[PDB]
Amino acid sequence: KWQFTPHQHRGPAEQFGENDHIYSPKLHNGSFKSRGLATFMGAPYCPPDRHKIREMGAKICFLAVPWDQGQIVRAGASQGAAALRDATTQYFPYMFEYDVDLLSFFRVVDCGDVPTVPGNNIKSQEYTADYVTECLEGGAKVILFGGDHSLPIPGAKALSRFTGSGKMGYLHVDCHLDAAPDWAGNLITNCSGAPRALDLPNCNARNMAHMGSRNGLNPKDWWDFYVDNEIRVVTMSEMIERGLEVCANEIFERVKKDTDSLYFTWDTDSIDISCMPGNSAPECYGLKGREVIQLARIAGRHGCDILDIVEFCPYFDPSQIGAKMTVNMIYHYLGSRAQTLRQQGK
């Protein structure tokens, strides 16, 4: 059930070789110039089904959620997943910085895309919950690739249900606070990730945190939410003042303390516009390139159950910089997770 061809290509010059995927390609160029039929990481395709995932023995599911009609700003995040997948052909699944083969370590699979019902945010969000559910119930941790920032509403909801009587942490990294109680009467748009997590029966204010805030696309009520509910906000200001590693470790401890699971949503507009022009609402005064990698590394050491990444818009990026940045967000999280796991006898 769990197989892939190293360097993609079958036919006469197929490569066979248990480990060929972590080494220079031997018979041909693989997909480094031409994409062909690339999955995320060249991983096996596996339907988002608990049985199929289980029998493959997959511990990470890449699942795209391109839904971009749950949001208040501008469409475009629907195109991100394709550019992320394409960008992975520009890397090997082996990461020398961590000495791990990500692909075999996690038995990662690509669960394709969650389908959408254009115009219907309610039904599309339900599909997301259900697709995520299959991944968890199959015994895997999930990488969710958006799609607009409505994604954590179904994402957290799904992990909330799977966690049961246990407790769940919620980390939200973003230049925007995302705590509208409603937007023009709507409870489930892309700017209500945090209040909707707090509503989940097993998600508690003391295990919730926000990082990345700056600038004036942040109504007072979004700030008020964190004040009134005693939820830690670490502004970009504080992360620069006090240091990324200091602030990250502190809030990863907070959101994991006496929790069974952790939901981590990461908006690419947390990244400085200089590094990520391809975004729904890009913002200056954000994470630098090296700091994005560092945060991914730190996130990896602590670990989460679902990591989601939202709002990448490749149309507003004429280069490869956005897509490759989003590849590294994921690959550094997995490389760091694996190294941390291996330093504990696993």
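The first residue of the shown sequence is 1; numbering continues from there.
Exercise. Is the mean CA B factor in the deposited entry higher across 224-232 or across 140-148?
Worked result: Averaged over C-alpha atoms, the B-factors run higher in 224-232.
Problem set entry | Segment of higher mean CA temperature factor, 246-254 or 80-88 | Higher of the two, by average CA B-factor, is 246-254.
Exercise. Of 95, 114, 75, 188, which one's C-alpha B factor is largest in the deposited record?
Worked result: It is 188.
Exercise. Out of 108, 271, 168, 171, which one has a C-alpha B factor higher than all the others in the entry?
Worked result: Result of the comparison over 108, 271, 168, 171: 168.
Problem set entry | Third of chain Cα B-factors occupied by residue 322 | Within its chain, residue 322 is a lowest-third residue by C-alpha B-factor, going by the deposited values.
Exercise. Within this chain, which third does the Cα B-factor at residue 288 fall in: lowest, middle or highest?
Worked result: Its C-alpha B-factor, which the entry lists for residue 288, ranks in the lowest third among residues of this chain.
Exercise. Taking the entry's C-alpha B-factors for this chain, is residue 127 in the lowest, middle or highest third?
Worked result: For residue 127, whose C-alpha B-factor we compare with every modelled residue in the chain, the answer is the middle third.
Problem set entry | residue 304, C-alpha B-factor rank within chain (lowest, middle or highest third) | For residue 304, whose C-alpha B-factor we compare with every modelled residue in the chain, the answer is the middle third.
Problem set entry | B-factor third for the C-alpha atom of residue 19 within its chain | It falls in the top third of the chain.
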